[PDB]
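Listing of input-v3.csv; format and content: CSV, C-alpha atoms and all ligand atoms.
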```csv
chain,number,residue,atom,x,y,z
A,29,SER,CA,0.0,0.0,0.0
A,30,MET,CA,1.0,3.6,-0.3
A,31,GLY,CA,-0.3,6.9,1.1
A,32,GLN,CA,-0.9,9.7,-1.4
A,33,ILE,CA,1.7,12.4,-1.7
A,34,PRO,CA,0.3,15.9,-0.7
A,35,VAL,CA,2.0,17.8,-3.4
A,36,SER,CA,-0.3,20.8,-3.3
A,37,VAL,CA,-2.0,21.9,-0.1
A,38,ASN,CA,-4.4,24.5,1.1
A,39,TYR,CA,-3.9,25.8,4.6
A,40,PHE,CA,-6.9,27.7,5.9
A,41,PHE,CA,-5.1,29.2,8.8
A,42,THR,CA,-8.0,31.4,9.8
A,43,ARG,CA,-11.8,31.2,9.4
A,44,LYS,CA,-12.2,34.9,10.2
A,45,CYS,CA,-13.3,37.2,7.3
A,46,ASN,CA,-14.3,40.8,6.6
A,47,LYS,CA,-16.9,40.0,3.9
A,48,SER,CA,-20.2,38.1,3.9
A,49,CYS,CA,-20.4,36.2,0.6
A,50,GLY,CA,-23.7,34.4,0.6
A,51,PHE,CA,-22.3,31.2,-0.9
A,52,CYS,CA,-19.1,30.9,1.2
A,53,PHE,CA,-18.0,27.3,1.7
A,54,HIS,CA,-15.3,28.0,4.3
A,55,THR,CA,-17.3,29.8,7.0
A,56,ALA,CA,-16.4,31.6,10.2
A,57,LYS,CA,-16.9,28.7,12.5
A,58,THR,CA,-14.1,29.6,14.9
A,59,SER,CA,-11.6,32.4,15.5
A,60,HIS,CA,-8.8,29.9,16.6
A,61,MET,CA,-5.5,30.3,14.8
A,62,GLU,CA,-2.3,28.2,15.5
A,63,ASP,CA,0.6,29.8,17.1
A,64,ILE,CA,3.4,30.6,14.6
A,65,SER,CA,5.6,27.8,16.0
A,66,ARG,CA,2.9,25.2,15.5
A,67,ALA,CA,2.0,26.4,12.0
A,68,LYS,CA,5.7,26.3,11.0
A,69,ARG,CA,6.0,22.7,12.4
A,70,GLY,CA,2.9,21.5,10.5
A,71,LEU,CA,4.1,23.2,7.2
A,72,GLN,CA,7.4,21.4,7.8
A,73,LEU,CA,5.6,18.1,8.3
A,74,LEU,CA,3.8,18.7,5.0
A,75,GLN,CA,7.1,19.5,3.1
A,76,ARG,CA,8.7,16.4,4.6
A,77,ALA,CA,5.7,14.4,3.2
A,78,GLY,CA,6.3,15.7,-0.4
A,79,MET,CA,4.4,19.1,-0.4
A,80,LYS,CA,5.8,21.3,-3.2
A,81,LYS,CA,3.0,24.0,-3.3
A,82,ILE,CA,1.2,25.8,-0.4
A,83,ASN,CA,-1.8,28.0,-0.9
A,84,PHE,CA,-2.7,30.2,2.1
A,85,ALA,CA,-6.5,30.5,2.3
A,86,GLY,CA,-9.3,31.0,4.8
A,87,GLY,CA,-11.2,32.9,5.8
A,88,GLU,CA,-9.4,36.1,4.7
A,89,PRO,CA,-5.6,35.7,5.0
A,90,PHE,CA,-4.9,39.5,4.9
A,91,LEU,CA,-6.7,39.9,8.2
A,92,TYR,CA,-3.3,38.6,9.6
A,93,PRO,CA,-0.6,40.1,7.3
A,94,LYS,CA,2.2,39.7,9.8
A,95,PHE,CA,1.5,36.0,10.5
A,96,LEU,CA,0.9,35.4,6.8
A,97,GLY,CA,4.1,37.3,5.9
A,98,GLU,CA,6.1,35.2,8.3
A,99,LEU,CA,4.7,31.9,7.0
A,100,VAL,CA,5.2,33.0,3.4
A,101,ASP,CA,8.8,33.8,4.0
A,102,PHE,CA,9.3,30.6,5.9
A,103,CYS,CA,7.8,28.4,3.2
A,104,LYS,CA,10.1,29.8,0.5
A,105,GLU,CA,13.3,30.5,2.4
A,106,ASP,CA,13.3,27.7,5.0
A,107,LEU,CA,11.1,24.9,3.4
A,108,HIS,CA,12.3,25.7,-0.2
A,109,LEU,CA,8.8,25.1,-1.6
A,110,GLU,CA,8.4,25.3,-5.4
A,111,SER,CA,5.3,27.4,-5.1
A,112,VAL,CA,3.9,29.8,-2.5
A,113,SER,CA,0.4,31.1,-3.3
A,114,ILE,CA,-2.2,33.1,-1.5
A,115,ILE,CA,-5.9,33.6,-2.3
A,116,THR,CA,-7.5,36.8,-1.0
A,117,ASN,CA,-10.7,38.9,-1.4
A,118,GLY,CA,-8.2,41.7,-2.0
A,119,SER,CA,-9.7,44.3,0.4
A,120,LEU,CA,-6.8,44.3,3.0
A,121,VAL,CA,-3.8,43.8,0.7
A,122,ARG,CA,-1.4,46.7,1.0
A,123,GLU,CA,1.3,47.6,-1.5
A,124,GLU,CA,4.2,47.8,1.0
A,125,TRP,CA,3.4,44.2,2.2
A,126,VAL,CA,3.5,42.9,-1.4
A,127,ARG,CA,6.8,44.7,-1.9
A,128,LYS,CA,8.2,43.2,1.3
A,129,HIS,CA,7.2,39.6,0.6
A,130,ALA,CA,7.2,39.5,-3.2
A,131,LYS,CA,10.4,37.5,-3.5
A,132,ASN,CA,8.8,34.7,-1.6
A,133,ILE,CA,5.4,34.6,-3.3
A,134,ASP,CA,5.0,32.8,-6.6
A,135,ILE,CA,1.2,33.5,-7.1
A,136,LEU,CA,-1.2,36.0,-5.6
A,137,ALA,CA,-4.9,35.2,-6.5
A,138,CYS,CA,-7.7,37.6,-6.0
A,139,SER,CA,-11.4,36.7,-6.0
A,140,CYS,CA,-13.8,38.5,-8.3
A,141,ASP,CA,-17.2,37.1,-9.0
A,142,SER,CA,-18.5,40.2,-10.9
A,143,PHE,CA,-17.4,43.4,-12.4
A,144,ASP,CA,-20.8,44.9,-11.5
A,145,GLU,CA,-21.1,46.6,-8.1
A,146,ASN,CA,-24.8,45.8,-7.6
A,147,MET,CA,-24.0,42.1,-8.3
A,148,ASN,CA,-21.2,42.2,-5.7
A,149,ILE,CA,-23.6,43.8,-3.2
A,150,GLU,CA,-26.2,41.1,-3.9
A,151,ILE,CA,-23.8,38.2,-3.5
A,152,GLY,CA,-22.4,39.5,-0.2
A,153,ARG,CA,-19.0,40.7,-1.6
A,154,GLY,CA,-19.9,44.2,-0.3
A,155,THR,CA,-20.0,47.8,-1.6
A,156,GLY,CA,-17.5,50.0,-3.3
A,157,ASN,CA,-15.4,49.9,-6.3
A,158,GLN,CA,-13.8,46.4,-5.9
A,159,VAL,CA,-12.7,46.5,-9.6
A,160,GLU,CA,-10.2,49.3,-9.0
A,161,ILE,CA,-8.9,47.2,-6.1
A,162,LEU,CA,-8.5,44.1,-8.3
A,163,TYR,CA,-6.7,46.2,-10.9
A,164,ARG,CA,-4.4,47.7,-8.2
A,165,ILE,CA,-3.5,44.3,-6.9
A,166,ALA,CA,-2.7,43.1,-10.5
A,167,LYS,CA,-0.5,46.1,-11.0
A,168,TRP,CA,1.4,45.4,-7.7
A,169,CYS,CA,1.8,41.8,-8.8
A,170,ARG,CA,3.3,42.8,-12.2
A,171,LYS,CA,5.5,45.5,-10.6
A,172,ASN,CA,6.9,43.0,-8.2
A,173,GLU,CA,7.1,39.9,-10.5
A,174,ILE,CA,4.4,37.9,-8.8
A,175,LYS,CA,2.1,35.8,-11.0
A,176,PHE,CA,-1.4,37.2,-10.9
A,177,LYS,CA,-4.3,34.8,-10.7
A,178,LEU,CA,-8.1,35.4,-10.7
A,179,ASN,CA,-10.7,33.3,-9.1
A,180,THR,CA,-14.4,33.6,-10.0
A,181,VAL,CA,-17.4,31.8,-8.6
A,182,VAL,CA,-20.2,31.2,-11.0
A,183,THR,CA,-23.7,31.3,-9.5
A,184,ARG,CA,-27.4,31.6,-10.5
A,185,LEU,CA,-27.1,35.4,-10.3
A,186,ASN,CA,-23.9,36.0,-12.3
A,187,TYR,CA,-23.7,33.1,-14.8
A,188,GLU,CA,-24.7,35.3,-17.8
A,189,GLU,CA,-22.0,37.9,-17.2
A,190,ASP,CA,-19.4,38.5,-19.9
A,191,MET,CA,-15.9,39.1,-18.4
A,192,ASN,CA,-13.9,39.0,-21.6
A,193,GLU,CA,-12.9,42.7,-21.8
A,194,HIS,CA,-11.5,42.5,-18.3
A,195,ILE,CA,-9.8,39.2,-18.8
A,196,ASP,CA,-8.1,40.7,-22.0
A,197,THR,CA,-6.8,43.6,-19.9
A,198,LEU,CA,-5.9,41.9,-16.6
A,199,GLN,CA,-4.5,38.8,-18.4
A,200,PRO,CA,-4.2,36.6,-15.3
A,201,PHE,CA,-1.9,33.6,-16.0
A,202,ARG,CA,-4.5,31.4,-14.3
A,203,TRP,CA,-8.2,32.1,-14.0
A,204,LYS,CA,-10.3,29.7,-11.8
A,205,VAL,CA,-13.9,29.4,-12.8
A,206,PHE,CA,-15.7,27.5,-10.1
A,207,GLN,CA,-19.2,26.3,-10.3
A,208,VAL,CA,-20.7,27.3,-6.9
A,209,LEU,CA,-20.3,24.3,-4.6
A,210,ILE,CA,-22.6,23.2,-1.8
A,211,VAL,CA,-20.6,21.7,1.1
A,212,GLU,CA,-22.4,19.8,3.9
A,213,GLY,CA,-22.2,21.6,7.2
A,214,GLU,CA,-20.8,24.8,5.6
A,215,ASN,CA,-23.4,26.4,3.3
A,216,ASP,CA,-26.0,23.8,2.7
A,217,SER,CA,-29.0,25.0,4.7
A,218,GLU,CA,-30.8,27.7,6.7
A,219,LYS,CA,-28.9,26.5,9.8
A,220,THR,CA,-25.3,27.0,8.6
A,221,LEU,CA,-23.6,30.3,8.7
A,222,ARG,CA,-24.4,30.8,5.0
A,223,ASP,CA,-27.1,29.4,2.8
A,224,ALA,CA,-25.7,28.8,-0.7
A,225,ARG,CA,-28.8,27.1,-2.0
A,226,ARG,CA,-30.2,30.1,-3.9
A,227,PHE,CA,-26.9,30.4,-5.8
A,228,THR,CA,-26.8,26.9,-7.3
A,229,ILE,CA,-26.7,26.3,-11.0
A,230,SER,CA,-27.2,23.4,-13.4
A,231,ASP,CA,-24.5,22.0,-15.7
A,232,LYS,CA,-26.3,23.9,-18.5
A,233,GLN,CA,-26.1,27.2,-16.8
A,234,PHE,CA,-22.4,26.6,-15.9
A,235,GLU,CA,-21.8,25.9,-19.6
A,236,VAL,CA,-23.3,29.3,-20.6
A,237,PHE,CA,-20.5,30.9,-18.7
A,238,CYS,CA,-17.8,28.5,-19.7
A,239,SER,CA,-18.7,28.6,-23.4
A,240,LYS,CA,-18.2,32.4,-23.5
A,241,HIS,CA,-14.8,32.4,-21.8
A,242,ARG,CA,-13.1,29.0,-22.4
A,243,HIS,CA,-10.9,30.4,-25.3
A,244,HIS,CA,-8.5,32.0,-22.8
A,245,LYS,CA,-5.3,30.1,-22.1
A,246,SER,CA,-5.8,31.0,-18.4
A,247,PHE,CA,-9.3,29.6,-18.1
A,248,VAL,CA,-9.7,26.7,-15.7
A,249,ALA,CA,-13.2,25.4,-15.3
A,250,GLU,CA,-14.1,23.5,-12.2
A,251,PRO,CA,-17.6,22.0,-12.2
A,252,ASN,CA,-18.7,20.5,-8.9
A,253,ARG,CA,-17.4,17.1,-9.8
A,254,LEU,CA,-13.9,18.6,-10.1
A,255,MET,CA,-14.0,20.5,-6.8
A,256,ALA,CA,-15.7,18.0,-4.5
A,257,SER,CA,-12.6,15.9,-3.6
A,258,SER,CA,-9.7,17.2,-5.7
A,259,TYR,CA,-8.2,19.5,-3.1
A,260,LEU,CA,-6.1,18.9,0.0
A,261,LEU,CA,-7.7,20.9,2.8
A,262,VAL,CA,-5.9,21.7,6.1
A,263,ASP,CA,-7.9,23.6,8.7
A,264,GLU,CA,-7.1,26.1,11.4
A,265,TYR,CA,-5.9,23.4,13.8
A,266,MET,CA,-3.9,21.7,10.9
A,267,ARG,CA,-6.4,18.9,10.7
A,268,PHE,CA,-7.4,17.5,7.2
A,269,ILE,CA,-10.9,18.3,6.1
A,270,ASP,CA,-12.9,16.0,3.9
A,271,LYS,CA,-15.5,18.5,2.6
A,272,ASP,CA,-17.2,15.9,0.3
A,273,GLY,CA,-17.7,13.4,3.2
A,274,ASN,CA,-17.9,15.9,6.0
A,275,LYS,CA,-15.0,14.5,8.0
A,276,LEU,CA,-12.2,16.0,10.1
A,277,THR,CA,-9.0,14.2,11.1
A,278,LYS,CA,-6.8,14.6,14.1
A,279,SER,CA,-4.2,17.4,13.7
A,280,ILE,CA,-1.0,16.5,11.8
A,281,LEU,CA,0.8,18.1,14.7
A,282,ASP,CA,-0.3,15.1,16.8
A,283,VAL,CA,-0.6,12.2,14.4
A,284,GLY,CA,1.6,13.2,11.4
A,285,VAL,CA,0.6,13.8,7.7
A,286,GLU,CA,0.4,10.2,6.6
A,287,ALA,CA,-2.0,9.0,9.4
A,288,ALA,CA,-4.3,12.0,8.8
A,289,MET,CA,-4.4,11.7,5.0
A,290,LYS,CA,-5.5,8.1,5.3
A,291,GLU,CA,-8.7,9.4,6.8
A,292,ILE,CA,-9.7,11.7,3.9
A,293,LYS,CA,-10.7,11.2,0.2
A,294,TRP,CA,-8.4,13.0,-2.2
A,295,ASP,CA,-9.4,12.2,-5.8
A,296,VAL,CA,-6.0,12.5,-7.5
A,297,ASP,CA,-7.7,11.7,-10.9
A,298,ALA,CA,-9.9,14.8,-10.5
A,299,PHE,CA,-6.8,16.8,-9.2
A,300,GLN,CA,-5.0,15.9,-12.4
A,301,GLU,CA,-8.0,16.4,-14.6
A,302,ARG,CA,-8.5,20.0,-13.5
A,303,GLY,CA,-4.8,20.9,-14.1
A,304,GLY,CA,-3.8,20.9,-10.4
A,305,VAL,CA,-0.2,20.3,-11.4
A,306,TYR,CA,1.1,23.3,-13.4
A,307,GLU,CA,3.9,25.7,-13.8
A,308,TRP,CA,3.5,27.2,-10.4
A,309,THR,CA,7.0,28.6,-9.8
A,310,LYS,CA,7.7,32.2,-11.0
A,311,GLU,CA,10.0,32.6,-14.0
B,401,LIG,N1,-14.3,21.2,-1.9
B,401,LIG,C1,-13.5,22.2,-1.8
B,401,LIG,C2,-12.6,22.5,-2.9
B,401,LIG,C3,-11.8,23.6,-2.8
B,401,LIG,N2,-11.8,24.4,-1.7
B,401,LIG,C4,-10.9,25.5,-1.6
B,401,LIG,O1,-11.2,26.4,-2.6
B,401,LIG,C5,-10.1,27.2,-2.9
B,401,LIG,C6,-9.9,27.2,-4.4
B,401,LIG,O2,-8.9,28.1,-4.7
B,401,LIG,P1,-7.8,27.7,-5.9
B,401,LIG,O3,-7.2,29.0,-6.3
B,401,LIG,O4,-8.4,26.9,-6.9
B,401,LIG,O5,-6.7,26.9,-5.0
B,401,LIG,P2,-5.2,26.4,-5.3
B,401,LIG,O6,-5.0,25.2,-4.5
B,401,LIG,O7,-4.3,27.6,-5.2
B,401,LIG,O8,-5.4,26.1,-6.8
B,401,LIG,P3,-4.3,25.7,-8.0
B,401,LIG,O9,-3.1,25.1,-7.3
B,401,LIG,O10,-5.0,24.7,-8.9
B,401,LIG,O11,-4.1,27.0,-8.6
B,401,LIG,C7,-8.9,26.6,-2.2
B,401,LIG,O12,-8.6,27.4,-1.0
B,401,LIG,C8,-9.4,25.2,-1.8
B,401,LIG,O13,-8.8,24.8,-0.5
B,401,LIG,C9,-12.6,24.0,-0.6
B,401,LIG,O14,-12.6,24.7,0.4
B,401,LIG,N3,-13.5,23.0,-0.8
B,402,LIG,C1,-13.2,30.7,0.8
B,402,LIG,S1,-12.2,31.9,-0.2
B,402,LIG,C2,-10.9,32.3,1.0
B,402,LIG,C3,-10.0,33.4,0.4
B,402,LIG,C4,-10.6,34.8,0.3
B,402,LIG,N1,-11.5,35.1,1.5
B,402,LIG,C5,-11.3,35.0,-1.0
B,402,LIG,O1,-12.6,35.0,-1.0
B,402,LIG,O2,-10.6,35.0,-2.0
B,402,LIG,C6,-11.3,30.8,-1.4
B,402,LIG,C7,-11.9,30.7,-2.8
B,402,LIG,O3,-13.1,29.9,-2.7
B,402,LIG,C8,-14.1,30.5,-3.5
B,402,LIG,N2,-15.4,30.0,-3.0
B,402,LIG,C9,-16.0,30.4,-1.8
B,402,LIG,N3,-17.1,29.7,-1.6
B,402,LIG,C10,-17.3,28.9,-2.7
B,402,LIG,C11,-18.3,28.0,-3.1
B,402,LIG,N4,-19.4,27.8,-2.4
B,402,LIG,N5,-18.1,27.3,-4.3
B,402,LIG,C12,-17.0,27.6,-5.0
B,402,LIG,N6,-16.0,28.4,-4.7
B,402,LIG,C13,-16.2,29.1,-3.6
B,402,LIG,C14,-13.8,32.0,-3.2
B,402,LIG,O4,-14.5,32.9,-4.0
B,402,LIG,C15,-12.3,32.0,-3.4
B,402,LIG,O5,-11.9,32.2,-4.7
B,403,LIG,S1,-15.5,33.6,0.0
B,403,LIG,FE1,-16.2,35.6,0.8
B,403,LIG,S2,-17.0,35.2,2.9
B,403,LIG,FE2,-15.8,33.3,2.2
B,403,LIG,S3,-13.8,33.6,3.1
B,403,LIG,FE3,-13.7,34.7,0.9
B,403,LIG,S4,-14.4,36.8,1.1
B,403,LIG,FE4,-14.9,35.7,3.1
B,404,CL,CL,0.8,36.9,-14.5
```

Reformat the file's structure so that it appears as structure tokens.
Amino acid sequence: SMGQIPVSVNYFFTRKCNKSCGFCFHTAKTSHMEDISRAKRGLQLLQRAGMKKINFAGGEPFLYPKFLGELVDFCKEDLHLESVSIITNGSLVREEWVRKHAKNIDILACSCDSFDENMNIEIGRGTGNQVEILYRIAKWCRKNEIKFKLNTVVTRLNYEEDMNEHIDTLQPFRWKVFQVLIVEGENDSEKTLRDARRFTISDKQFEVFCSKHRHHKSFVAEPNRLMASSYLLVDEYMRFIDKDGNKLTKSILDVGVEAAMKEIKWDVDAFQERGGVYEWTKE
């Protein structure tokens, strides 16, 4: 027998966030964060088990820019990872932080579900000109030789939107296009912190969006079948999460990577199918 090799891992180090997206599948269930020593040790355990790429997620990572900055630097300088990535809502990213940590960040991804403010307000992404923020982040990325990535959630409300003029200007190297996903115990009812049900779309509606946009090299479509089990999910206590099966392991800090990963389903075929291995190191 052999355990799977956790080549590319998402560490959701916080569940705290400053926005209220109605579909969110990683909700504010707790404010617990690991101490920096513990986080470093778990990231080291992952590296030692074959991790090559780390994505810092949440929650909103830039609620904790000093902590994030320290783990980013550690991952590149001390663990020598191939790829250090972050996904952010963009609101709290500041230029001087990007300048300070750019040498250690391969990829910075920003979420944008719409270029229409009223749509952002409706979906819970909030008010204000978030397009000028996205453009600003992209500019900071390009100035500081970080690869700029865009993540978009496709829902019942926005699936007819045409983003091509923006894609042709921003030119992200990688553009995730997610079908909105229901996750049991996260966003699946009126009792969870979010109720994503009103956002769901059919395969046909998802294709409306995909067909308009799939000509871009950057375009990466992820229908539900390609998100359900294709990621490695490490939570705020460094436990693995199985979001498809609604399971949670013991912390890697207590039982190690291999024992924890045995408990979760990671569909490597789906991982490969969606292009989960790619040129993730900056050039
Ligand atoms: N069932 C799932 C599937 C994905 N995710 C999370 O959704 C986000 C998707 O962001 P993405 O940019 O696709 O993550 P990366 O791992 O950086 O993607 P890639 O390496 O393919 O660029 C990640 O935080 C991932 O952990 C999740 O919470 N539940
Ligand atoms: C949970 S967020 C965490 C990082 C940051 N707060 C942000 O929104 O970018 C990570 C990614 O998951 C996406 N996402 C959130 N809920 C989702 C859902 N139900 N289905 C699909 N993708 C989702 C987000 O839009 C984002 O691109
Ligand atoms: S998807 Fe929205 S609510 Fe969820 S963590 Fe990101 S910004 Fe916060
Ligand atoms: Cl780029």

Residue neighbourhood residue A:191, 10 Å, all atoms listed in the file, exclusion window fewer than 4 positions, as a list in words:
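What passes the distance filter is residues 141, 142, 143, 195, 196, 237, 240 and 241 of chain A.
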
Closest to residue A:103 among A:134, A:123, A:223, A:212, using all atoms listed in the file?
A:134

Counting all atoms listed in the file, what are the residues of chain A within 6 Å of ligand LIG 401 (chain B), and for each of them which pair of atoms is the nearest and at what distance in Å, to one decimal? Sort the table by chain and rising number, as a tab-separated table.
```
residue	atom	partner	partner_atom	distance
A:38	CA	B:LIG401	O13	4.7
A:54	CA	B:LIG401	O14	5.8
A:83	CA	B:LIG401	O7	5.0
A:85	CA	B:LIG401	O12	5.0
A:204	CA	B:LIG401	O4	6.0
A:255	CA	B:LIG401	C2	4.6
A:256	CA	B:LIG401	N1	4.4
A:257	CA	B:LIG401	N1	5.8
A:259	CA	B:LIG401	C2	5.3
A:261	CA	B:LIG401	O13	5.2
A:271	CA	B:LIG401	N1	5.4
A:304	CA	B:LIG401	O10	4.3
```

So, counting all atoms listed in the file, which residue among A:307, A:144, A:98, A:264 is closest to ligand CL 404 (chain B)?
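With all atoms listed in the file as the atom set, the closest residue is A:307.
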
Residue A:115 environment, 7 Å, all atoms listed in the file, sequence neighbours closer than 3 positions dropped, as a PyMOL selection string:
chain A and resi 84-85+136-138

Now that the selection is made, can you save its residues with C-alpha atoms as a PDB file, in the frame of the given file?
```
ATOM      1  CA  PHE A  84      -2.700  30.200   2.100  1.00  0.00           C
ATOM      2  CA  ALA A  85      -6.500  30.500   2.300  1.00  0.00           C
ATOM      3  CA  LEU A 136      -1.200  36.000  -5.600  1.00  0.00           C
ATOM      4  CA  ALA A 137      -4.900  35.200  -6.500  1.00  0.00           C
ATOM      5  CA  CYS A 138      -7.700  37.600  -6.000  1.00  0.00           C
TER       6      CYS A 138
END
```

Residue A:146: which residues within 8 Å, counting all atoms listed in the file, same-chain residues fewer than 3 positions away excluded, as JSON, numbers by chain?
{"A": [149, 150, 155]}

Env. residues ligand LIG 402 (chain B) / 8 Å / only C-alpha atoms and all ligand atoms / as JSON, numbers by chain
{"A": [40, 45, 47, 49, 51, 52, 53, 54, 55, 85, 86, 87, 88, 89, 115, 116, 117, 118, 137, 138, 139, 140, 141, 178, 179, 180, 181, 182, 204, 206, 207, 208, 209, 210, 211, 215, 224, 255]}

Ligand CL 404 (chain B) neighbours within 9 Å using all atoms listed in the file, as JSON, numbers by chain:
{"A": [135, 166, 169, 170, 173, 174, 175, 176, 177, 198, 199, 200, 201, 202]}

Which residue, A:260, A:289, A:133, A:91, has the smallest gap to ligand LIG 403 (chain B) when you use all atoms listed in the file?
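Looking only at the distances to ligand LIG 403 (chain B), the closest residue turns out to be A:91.
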
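The coordinates place atom CA of residue A:296 at 15.7 Å from atom CA of residue A:251.
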
Compare A:249, A:77, A:56, A:229 by their minimum atom-to-atom distance to ligand LIG 403 (chain B), counting only C-alpha atoms and all ligand atoms, and give me the closest one.
A:56

How many Å separate atom CA of residue A:122 from atom CA of residue A:99?
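Straight-line distance from atom CA of residue A:122 to atom CA of residue A:99 works out to 17.1 Å.
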
Using all atoms listed in the file, find the one residue out of A:197, A:65, A:113, A:148 that sits nearest to ligand LIG 403 (chain B).
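Once distances to ligand LIG 403 (chain B) are computed over all atoms listed in the file, the minimum belongs to A:148.
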
Figure out the distance between atom CA of residue A:277 and atom CA of residue A:90, please, to one decimal in Å.
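According to the coordinates, atom CA of residue A:90 and atom CA of residue A:277 are separated by 26.4 Å.
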
Of the candidates A:269, A:161, A:276, A:281, which shows the shortest atom-to-atom distance to residue A:294, using all atoms listed in the file?
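Closest to residue A:294, using all atoms listed in the file: A:269.
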